[PDB]
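Asker:
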Amino acid sequence: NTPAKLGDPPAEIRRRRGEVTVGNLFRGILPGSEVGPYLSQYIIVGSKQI
Amino acid sequence: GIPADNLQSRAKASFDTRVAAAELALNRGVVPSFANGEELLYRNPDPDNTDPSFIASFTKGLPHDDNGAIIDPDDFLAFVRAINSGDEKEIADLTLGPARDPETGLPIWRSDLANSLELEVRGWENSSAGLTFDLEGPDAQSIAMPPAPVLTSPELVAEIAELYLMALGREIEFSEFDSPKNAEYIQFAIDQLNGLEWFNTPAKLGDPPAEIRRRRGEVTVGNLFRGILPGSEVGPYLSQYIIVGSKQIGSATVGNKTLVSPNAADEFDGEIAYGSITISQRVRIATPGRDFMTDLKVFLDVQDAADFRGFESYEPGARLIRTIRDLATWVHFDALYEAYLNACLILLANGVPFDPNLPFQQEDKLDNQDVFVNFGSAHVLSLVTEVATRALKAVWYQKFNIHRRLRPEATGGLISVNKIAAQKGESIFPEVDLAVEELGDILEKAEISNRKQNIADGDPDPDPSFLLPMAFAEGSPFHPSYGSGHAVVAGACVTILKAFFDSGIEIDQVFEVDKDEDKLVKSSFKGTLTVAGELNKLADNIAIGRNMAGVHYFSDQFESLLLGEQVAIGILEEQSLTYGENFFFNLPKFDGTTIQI
Amino acid sequence: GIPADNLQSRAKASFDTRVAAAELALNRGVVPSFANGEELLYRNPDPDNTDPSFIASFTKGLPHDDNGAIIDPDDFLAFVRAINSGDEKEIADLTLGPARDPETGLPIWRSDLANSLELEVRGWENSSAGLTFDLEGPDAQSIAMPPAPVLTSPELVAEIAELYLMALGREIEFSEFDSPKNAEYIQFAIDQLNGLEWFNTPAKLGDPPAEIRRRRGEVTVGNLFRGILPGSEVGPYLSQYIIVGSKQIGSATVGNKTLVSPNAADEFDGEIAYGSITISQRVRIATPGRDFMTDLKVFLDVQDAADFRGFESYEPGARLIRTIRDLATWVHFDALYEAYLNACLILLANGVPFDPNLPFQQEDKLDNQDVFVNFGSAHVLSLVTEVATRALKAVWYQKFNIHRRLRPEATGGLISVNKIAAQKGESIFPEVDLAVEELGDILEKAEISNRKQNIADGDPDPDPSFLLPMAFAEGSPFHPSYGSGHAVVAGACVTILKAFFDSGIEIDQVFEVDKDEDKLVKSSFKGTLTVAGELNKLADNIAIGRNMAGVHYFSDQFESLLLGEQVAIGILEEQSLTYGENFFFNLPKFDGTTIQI
Amino acid sequence: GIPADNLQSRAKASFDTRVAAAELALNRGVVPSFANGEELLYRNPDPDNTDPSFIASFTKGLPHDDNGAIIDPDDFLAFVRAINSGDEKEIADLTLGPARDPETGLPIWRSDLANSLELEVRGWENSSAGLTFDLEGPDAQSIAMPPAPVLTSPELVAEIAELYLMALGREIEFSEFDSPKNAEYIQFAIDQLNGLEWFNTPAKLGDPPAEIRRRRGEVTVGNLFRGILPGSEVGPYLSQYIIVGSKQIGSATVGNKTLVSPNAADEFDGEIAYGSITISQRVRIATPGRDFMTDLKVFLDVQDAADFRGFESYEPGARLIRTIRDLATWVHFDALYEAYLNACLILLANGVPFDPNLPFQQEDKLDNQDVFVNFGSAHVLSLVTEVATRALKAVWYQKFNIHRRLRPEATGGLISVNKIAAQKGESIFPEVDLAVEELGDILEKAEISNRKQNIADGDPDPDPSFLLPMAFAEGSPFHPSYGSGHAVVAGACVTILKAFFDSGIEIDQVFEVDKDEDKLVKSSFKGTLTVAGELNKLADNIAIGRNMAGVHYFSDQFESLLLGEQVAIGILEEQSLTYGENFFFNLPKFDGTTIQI
Amino acid sequence: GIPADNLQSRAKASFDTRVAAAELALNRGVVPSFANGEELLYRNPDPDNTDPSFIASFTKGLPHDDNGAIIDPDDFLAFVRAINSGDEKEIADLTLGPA
Ligand SMILES: [Ca+2]
Ligand SMILES: [Ca+2]
Ligand SMILES: [Ca+2]
Ligand code: NA
Ligand code: NA
Ligand code: NA
Ligand code: NA
Ligand code: NA
Ligand code: NA
Ligand code: NA
Ligand code: NA
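Residue numbers (the UniProt record's numbering), protein chains in the order written: chain A, 201 to 250; chain B, 2 to 598; chain C, 2 to 598; chain D, 2 to 598; chain E, 2 to 100.
1. Taking the alpha-carbon positions, what's the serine 262/C to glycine 271/C distance?
2. What number of angstroms, rounded off, separates the C-alpha of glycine 581/B from the C-alpha of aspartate 88/C?
3. Does the separation of the CB atoms of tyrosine 242/D and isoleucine 286/D fall below 7 Å?
4. Roughly how many angstroms separate the alpha carbons of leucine 407/D and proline 481/D, rounded to a whole number?
5. What did DSSP end up calling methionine 471/D once you bin it into helix, strand or coil?
6. Under the DSSP definition of a beta bridge, which residues are partnered with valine 284/B?
7. Does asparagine 257/B get closer than 7 Å to chain C when you measure Cβ to Cβ?
8. What number of angstroms, rounded off, separates the C-alpha of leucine 521/D from the C-alpha of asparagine 224/D?
9. Relative to ligand 3, is the shortest distance from any of its heavy atoms to the C-beta of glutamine 363/D smaller than 6 Å?
10. By Cβ distance below 7 Å, which residues in the same chain neighbour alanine 265/B in space, the five residues on each side in sequence not counted?
11. Could you list which residues in chain D have their beta carbon closer than 8 Å to that of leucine 132/C, in chain order?
12. Are the beta-carbon atoms belonging to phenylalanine 585/C and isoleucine 598/C less than 7 Å from one another?
13. So the alpha helix (DSSP H) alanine 253/C belongs to, where does it begin and stop?
14. What number of angstroms, rounded off, separates the C-alpha of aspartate 434/C from the C-alpha of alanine 422/C?
The following block contains the structure:
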């Protein structure tokens with residue numbers, strides 16, 4: 201609920217998280233993780249078949 | 002075949018070990034040092050003139066005019082050449098001091114005092130030590146201190162304000178910082194500093210990272226005149242290690258029996274057991290209220306190399322450090338690593354355990370091995386002292402070869418000359434206009450204090466003087482302000498001690514100096530202090546002691562502490578190749594993180 | 002084209018400098034160390050046995066039989082393997098101390114005293130520090146000490162005789178060596194030693210050159226219990242630097258004016274100015290007449306690792322070193338380089354000039370240069386202390402990896418057991434038959450002294466004991482006799498100070514401790530002492546102090562002094578590559594010649 | 002001094018370790034690769050022509066005439082130049098495919114089918130990967146495969162005979178090799194092969210050692226279409242690891258308690274526990290009886306780069322490998338190391354112990370150490386997969402840069418064209434006269450089979466065709482026959498698994514696929530199989546699967562298995578320098594001996 | 002003459018490639034790793050005790066008291082030594098599990 205402050209370790213600044221929402225609850229912060237469904241397509245979909 | 006390594010002769014293994022340490026040091030790479038830009042920024046104000054004035058550079062020793070500016074820019078440019086060359090003849094060819102009398106050969110001073118003493122000049126102290134190599138640790142020139150604050154900066158205005166407040170506060174007793182008798186002055190100091198941008202406004206995104214790290218916020222009685230190393234701002238001002246004695250010979254546990262020294266009480270009266278003899282923590286007592294270089298002519302003489310060393314008066318006897326001035330006296334003459342060797346002696350006498358990540362630290366029934374030469378008392382005693390000269394070489398490079406920052410006395414001189422001229426509608430040293438504009442209340446107190454000093458010194462009707470009063474008759478040493486020899490050595494030595502000892506050990510009883518007598522009293526502090534915290538505080542005490550004497554600014558000290566820590570870390574890393582045992586030093590660093598070496 | 006050299010980056014120049022120093026050290030070459038042949042010479046006397054006895058080797062800590070011989074030769078052979086390996090597990094696997102009680106886990110001692118204290122064992126002190134490399138100076142293993150005297154030799158009989166005479170003389174005051182009240186004992190000591198071949202017959206052509214150099218002649222009151230370094234045998238027994246204080250803060254010459262410290266008299270009352278605080282030369286006072294390990298059961302327990310450290314009692318207060326015992330106490334607990342750092346602090350406070358072959362030592366009006374980091378106070382303060390651990394590594398290699406000589410207490414134990422058995426017509430430890438045969442008069446005095454001690458310690462009717470009385474409850478440190486940590490550090494540190502200071506400077510006023518009070522008196526000595534002479538004497542004082550405590554022999558100390566001098570010389574040589582200036586250290590060596598480095 | 006080695010920085014130790022591995026690889030030396038001599042032996046039959054024909058070289062993709070000989074020898078010579086250069090422009094400049102239509106830009110094919118699909122060309126697959134270096138393992142070019150069999154050799158006649166019998170046997174179920182309904186065909190195959198000199202006559206003294214090692218003897222039902230690695234010829238045709246599932250999550254022993262997965266039966270129905278999900282052993286079902294490239298025009302189009310990839314049809318669903326064709330389908334699309342990763346996952350799920358010569362494999366109460374990153378599951382999972390691409394580079398060098406052997410389809414094409422011409426009294430491709438002469442009975446069955454295929458494909462009255470029917474619409478990959486990507490990877494990967502696991506562990510229950518249903522049944526085999534044997538069998542299964550598809554000959558596969566084993570061994574050897582622990586891999590090699598690495 | 006490079010044997014080119022990759026990795030330099038300072042910060046709360054508690058360190062496997070703090074600090078200190086050594090005997094000598 202409070203942002204990092206100038207002078208904090210750069211590693212903390214990069215990984216600090218802000219307001220929790222249903223859309224980000226229990227998610228990671230890599231780019232792409234916070235958009236669309238929680239689970240990656242690659243852990244639920246199958247593939248084109250022979 | 003089974004992969005293997007091979008033995009070689011001992012002599013080749015020793016050679017290869019030393020080369021591998023040199024290679025480790027080389028492989029760290031090097032970084033440049035950047036100065037703040039002032040040296041060629043400020044120009045001679047004379048219209049017909051194309052020279053820098055060098056007014057923000059250390060020029061102590063070169064001949065100055067009546068305003069404190071050097072007379073001939075070539076004198077400083079030659080000094081810079083000699084600094085980078087180190088050649089003895091080139092050094093001997095410099096101009097040092099003012100014109101001399103043909104008949105006596107003596108310097109002709111401005112002040113009746115210097116002329117009556119027939120003072121000679123003193124010279125620069127190892128102006129090229131920054132060129133010296135070392136067999137161990139980071140090379141002097143491989144590391145850097147960041148640019149010093151500029152004269153026009155909020156940071157410098159804040160620093161010089163602080164130094165005047167320390168000077169005018171020299172008779173304040175540490176144990177009485179928060180006492181009613183000092184409330185008016187202490188609150189004036191707090192309020193004045195809180196009225197300055199550096200302290201009342203935060204750094205902004207984009208400011209230099211070094212500024213962000215060292216910038217200070219709201220001034221309080223709890224942080225007034227303190228450092229910022231972790232531990233310094235908790236509990237009493239003075240480190241335990243600069244006022245307490247130690248356990249004494251005869252106090253021991255022998256199996257199930259406790260023996261008590263017949264001299265046990267000496268521990269609580271400032272006696273460190275020093276082998277079978279003692280060190281007393283009691284400091285010599287400089288004459289209270291007597292400051293120096295409060296007269297412009299005497300000040301200029303000192304700027305022109307007049308050797309006032311040894312001119313102070315003292316009271317009989319000695320006492321545990323009592324006033325701000327006493328900490329200034331402590332750091333006037335201390336022998337290199339003295340504070341930290343003394344802390345080390347206390348830790349050893351009191352049986353504080355070594356870092357438990359070193360070998361052989363278990364009870365001997367388990368490891369069959371006690372420690373002495375390596376990982377024991379003799380080891381730390383050598384290592385804490387040996388780092389000092391390596392740290393000095395590095396800070397000397399920053400002092401003379403890179404930054405050449407003017408000492409606080411010289412800044413005070415610019416402020417005084419500026420203010421005096423402004424009162425007559427003339428602009429001299431506009432570079433310090435902001436400090437003059439913002440520090441009026443402090444400068445008025447300085448003026449009154451200086452007039453009293455100048456009357457004491459035998460001047461029936463002194464000219465107005467806003468000079469920064471010096472605790473020492475000669476003012477600063479004969480070397481530049483940035484960084485500090487004291488502070489770099491503090492940083493290196495306390496790094497060693499924190500690494501070598503179990504520096505998470507908590508202090509059992511906390512003491513302060515008594516308000517009424519020359520003795521120790523139990524502190525009313527009700528938290529926990531650690532060895533590491535108190536070692537940091539000790540470094541801050543010796544470093545700020547220089548500030549309280551009038552000879553360094555806050556930034557000199559803190560940046561020098563960081564430089565010294567780097568030197569000691571690098572020595573430990575290189576030495577790690579020399580041992581067969583499986584171990585490391587755990588070092589809690591000044592930044593709050595730990596490195597395992 | 003004109004021949005030239007070329008510049009390279011600072012980082013490469015630093016690397017190349019460190020490599021060049023390593024190459025200089027490598028190019029010195031190395032020498033082997035030779036032991037005296039005893040380790041496999043002496044055999045277990047039991048007829049059905051093919052083991053060495055190791056009786057002349059240091060075996061403190063390994064379990065001994067009722068005669069003081071180790072029980073199991075494998076315990077010593079494993080200890081030797083561990084010394085050469087350094088491996089922590091292998092060290093932890095050794096046998097230390099006697100059988101332990103199944104219920105309590107505690108060692109079962111022979112003596113009621115050790116059992117009543119429930120003493121635990123103490124372990125070897127860095128038994129493999131001789132394997133450690135160093136970033137500077139000669140590698141620990143590159144240099145040598147010559148073979149130690151053998152038990153059957155005239156030299157050893159002389160050494161052990163001297164140590165018993167020192168032990169029985171512990172209450173004699175240095176100031177009263179020539180006083181009528183001491184004439185009987187002093188003349189007995191002199192006559193006894195003069196009755197021994199070592200002192201009354203010269204070396205012969207063909208004898209080892211090391212024996213020739215260290216052999217002593219006629220014993221006199223003027224040389225009794227002294228060392229042989231040049232300077233030690235002239236003037237008072239104790240070096241000025243271990244009894245006098247220094248010039249104090251406030252005494253100074255400022256131009257044409259002389260200021261006098263309000264504390265000036267502290268100089269003559271044993272206070273060294275230590276920066277702005279002080280060191281007291283006054284030593285803690287061990288209980289007069291109380292010696293240790295005079296009972297065989299307690300002695301054997303100590304031989305079996307019983308940790309008696311800290312068991313001594315003291316009188317209240319402190320005094321300038323007064324008796325032989327006081328010098329023993331001084332060296333019981335001194336901190337590494339303490340004596341020499343203290344001498345350095347005296348020389349600095351008193352303004353003794355540095356070696357005039359260093360740069361920048363002229364008046365600054367001539368050279369424009371004062372000294373601090375290099376060639377000044379900070380330089381010597383680090384250099385004097387840093388050499389200590391390098392000297393210790395070298396002597397540790399000789400102690401553990403090469404010679405493993407038994408400590409004097411162990412020799413006294415052989416003598417006592419031998420004599421007691423001989424009185425009952427049995428031969429035990431015939432190796433010390435010559436000492437027993439020649440030292441009858443001294444051993445009779447020891448017997449009487451030991452009976453009194455043993456009665457005082459609570460045994461109403463003690464068995465006869467001819468043990469060498471120890472000044473310390475634990476006797477020697479937990480490391481071998483040859484050489485000495487104290488003496489190697491003395492040799493290295495005083496080498497530094499002699500080189501760094503102008504050590505031809507003559508002493509102005511010579512003091513001694515007063516016969517009647519705890520104060521200094523002007524000596525009646527009429528000749529001239531020099532700084533170098535008094536630094537040598539200081540080294541000999543610390544070194545012989547160990548002998549007077551019962552823990553080293555003459556040869557251990559003298560050969561260790563020479564080893565330390567080599568270490569310090571080598572460090573100076575290697576460091577000489579790091580400086581740009583044109584200079585050298587002039588060093589007057591212990592052999593009377595001078596080396597310029 | 003005591004001989005020693007020395008430490009250096011970790012970064013230098015890492016560098017030196019990598020260099021030492023490179024030096025170990027360099028110190029193995031290199032061996033040349035010799036081709037069989039055919040490339041310049043066979044000549045264009047045109048009298049006025051001085052060119053080689055390249056008929057026994059891989060020329061798939063270059064334009065061929067109506068007999069399957071390349072039209073322009075320069076096209077192959079340029080392709081060889083491009084193979085040795087690797088330059089992308091030079092590759093792009095080659096001729097690929099036949100003349101193209103001006104208006105559409107499309108290749109003009111011979112067959113109505115290829116034209117109706119408007120097929121484009123496909124290109125060579127990394128024709129210069131044999132130039133690629135690798136950070137680990139033997140360089141691609143440092144090792145060799147021996148010369149391939151020549152078209153005129155007994156070995157080749159035997160190989161091609163076998164491939165036609167496999168093609169015509171594609172619908173036979175493994176479980177039914179010995180069944181009455183298959184007796185006529187199975188006995189025909191056995192008798193035909195036993196009628197060939199390669200199998201019915203032994204090698205003779207003086208023959209190449211590589212021929213002696215790989216030569217096969219009497220064909221039996223028990224060895225028909227099997228490999229010769231040790232273990233392949235015992236028990237059921239298919240390795241356990243390509244039909245059985247594994248222990249499932251939920252089955253476990255916790256102390257004295259046994260837990261049973263609720264899905265435990267999945268183990269015996271072809272489900273491998275793959276982490277917490279599953280792999281099914283059931284393979285997709287290519288349309289039974291449908292083969293490809295049985296028409297000369299379609300065959301030539303494929304020889305001219307027509308991209309038929311993806312043209313096959315399948316039945317719905319999946320089944321445990323049932324027929325010869327199913328094993329061909331399995332190897333049509335398998336992902337690199339898939340078979341061996343799957344075997345590894347079975348071994349891990351089933352708890353098969355690691356090689357007991359690795360560290361830490363004891364119960365943790367004894368060694369305090371479990372395994373994962375090194376010497377455990379993660380280690381083998383990376384190592385088994387990483388060897389694949391290193392093995393591929395080496396076999397690609399043999400494929401393209403050294404041997405360029407024609408794929409079996411091309412040999413079948415020479416045989417068909419020869420036989421058709423001979424029936425009209427013309428001699429074409431006399432190089433394959435011996436195969437034509439000796440394989441009449443097999444070729445007659447192929448003719449009948451091909452007519453049926455060609456009718457099914459829509460040609461009501463097809464020309465006679467003796468082409469080798471392909472399991473895959475596109476026939477071989479776009480790279481030469483000798484060696485095999487599948488087989489070299491099999492050799493490398495199973496070498497890793499045999500070394501990493503305790504591959505002497507015996508298989509408890511042996512399964513086969515049921516004759517009547519899509520399920521596993523207990524085998525009636527009596528005898529013992531081991532993990533190593535079944536891993537060898539798995540390698541032989543994947544390798545022969547390519548033969549059964551029509552795309553490799555026996556010699557390609559066996560010689561590739563040996564090459565891959567060398568690659569994996571070399572990687573293990575070089576990696577052995579990276580670990581501190583004391584251990585080795587025990588590897589049972591394909592030749593029956595064991596190497597400890 | 003025209004500037005050129007030169008060929009060498011394949012085996013030397015392979016060696017030189019692998020050395021060049023090692024040199025590339027070496028030339029990246031290295032950085033230290035800093036821990037958070039807790040390991041020697043937190044102390045055993047017992048008044049007569051000068052040991053760290055190691056309560057914020059991973060000590061799974063070492064014997065713990067009824068509160069979850071390790072019983073003997075030497076067990077964690079030995080574990081740390083074994084971690085830095087890798088020697089199998091030293092690892093086997095640790096204390097693992099309860100009495
Ligand atoms: Ca221990
Ligand atoms: Ca000078
Ligand atoms: Ca295990
Ligand atoms: Na301690
Ligand atoms: Na710590
Ligand atoms: Na505590
Ligand atoms: Na014997
Ligand atoms: Na001093
Ligand atoms: Na001298
Ligand atoms: Na699995
Ligand atoms: Na195996």
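For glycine and all other residues, C-beta sits at the position ideal for the given N, C-alpha and C.
Answerer: Reading from the atomic positions:
1. The residue given as residue 262/C occupies position 261 in the third sequence. The residue given as residue 271/C occupies position 270 in the third sequence. A straight-line Cα-Cα distance of about 15 Å links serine 262/C and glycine 271/C.
2. Position 580 of the second sequence holds residue 581/B. Position 87 of the third sequence holds residue 88/C. Taking the straight line from one Cα to the other gives about 8 Å.
3. Here residue 242/D refers to the residue found at position 241 when the fourth sequence is read from its first residue. Here residue 286/D refers to the residue found at position 285 when the fourth sequence is read from its first residue. Not in contact: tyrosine 242/D and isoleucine 286/D (Cβ atoms no closer than 7 Å).
4. Indexing the fourth sequence from 1 puts residue 407/D at position 406. Indexing the fourth sequence from 1 puts residue 481/D at position 480. Whole-angstrom Cα-Cα distance: 6 Å.
5. Along the fourth sequence, read from residue 1 onward, the residue named residue 471/D stands at position 470. In the three-state DSSP reduction, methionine 471/D falls in the strand class (E or B).
6. Along the second sequence, read from residue 1 onward, the residue named residue 284/B stands at position 283. In DSSP, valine 284/B forms a bridge with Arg320/B.
7. Residue 257/B sits at position 256 when you count from the first residue of the second sequence. By this cut-off, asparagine 257/B is an interface position.
8. Position 520 of the fourth sequence holds residue 521/D. Position 223 of the fourth sequence holds residue 224/D. A direct Cα-Cα distance of roughly 22 Å separates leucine 521/D from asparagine 224/D.
9. Numbered from its first residue, the fourth sequence carries residue 363/D at position 362. Yes, the beta carbon of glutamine 363/D sits closer than 6 Å to at least one heavy atom of ligand 3.
10. Here residue 265/B refers to the residue found at position 264 when the second sequence is read from its first residue. Contacts found: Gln249, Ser252.
11. Working through the third sequence from its first residue, we reach residue 132/C at position 131. Within chain D, the residues near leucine 132/C are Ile3, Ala5.
12. To locate residue 585/C, count along the third sequence from 1; it is residue 584. To locate residue 598/C, count along the third sequence from 1; it is residue 597. It is a contact, given that the beta carbons lie within the stated cut-off.
13. For the purposes of this step, residue 253/C is identified with residue 252 of the third sequence, where counting begins at 1. For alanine 253/C, no alpha helix (DSSP H) segment is defined; the enclosing uninterrupted segment is the beta strand (DSSP E) at 253 to 255.
14. Residue mapping note: residue 434/C aligns to position 433 of the third sequence, counting from 1. Residue mapping note: residue 422/C aligns to position 421 of the third sequence, counting from 1. The straight-line gap from Cα to Cα measures roughly 11 Å.
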